[PDB]
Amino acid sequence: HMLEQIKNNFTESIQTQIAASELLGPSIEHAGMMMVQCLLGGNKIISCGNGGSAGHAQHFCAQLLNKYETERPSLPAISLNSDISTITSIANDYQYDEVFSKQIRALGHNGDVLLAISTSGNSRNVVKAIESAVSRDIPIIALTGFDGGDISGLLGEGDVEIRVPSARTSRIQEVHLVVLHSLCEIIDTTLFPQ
């Protein structure tokens, strides 16, 4: 019956949301402060993700290059997924694991912040992106789920890992969206007290 597995998705989401709130508090806070300090340093936030989680990465930087809730001037943010002709020209020219890493190598400045999103934490394009950013004195903000994948063993703490207590990609993406909206509010209320 459809209606009950509908409620299951809502039930499981809420349960994941709750567990996430009880656990990801401090990590999101630190990431927010890192973002606020980055934007105030004259730097930019770089975002990237995997699959439909790449829509979230674009969703974040779109909220910054524009506005979230508090009307404000555009804040410097870049998505690495948004560029099609580059990805299709790197993903092939002609291989896909370095689609994001090459963009960071060129655009990344000392003081920028990498917002890396990966539900599994095992997307090679996002991993190499993180590897790249580490090489350039660039803080990482990693949104993950599951165990954290190979992402975990790539971070000290100029970086933050936000690991969602869930093993379902759908539930991880849903929590990630809440996290992204929280950061936006944090950035908004801090930089533009309205």
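Numbers follow the displayed sequence, beginning with 1.
Of the two segments, 72 to 80 and 90 to 98, the one listed with the higher mean B-factor is 90 to 98 (C-alpha atoms only). If you average the C-alpha B-factors over 157 to 165 and over 41 to 49, the higher value belongs to 157 to 165.
The entry lists C-alpha B-factors for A57, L143, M34, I151, and the highest of these is at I151.
Residue-level temperature factors show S118 in the middle third of its chain, judged at the C-alpha atom. Placement of the Cα temperature factor of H109 within the chain: lowest third of the modelled residues, per the deposited record.
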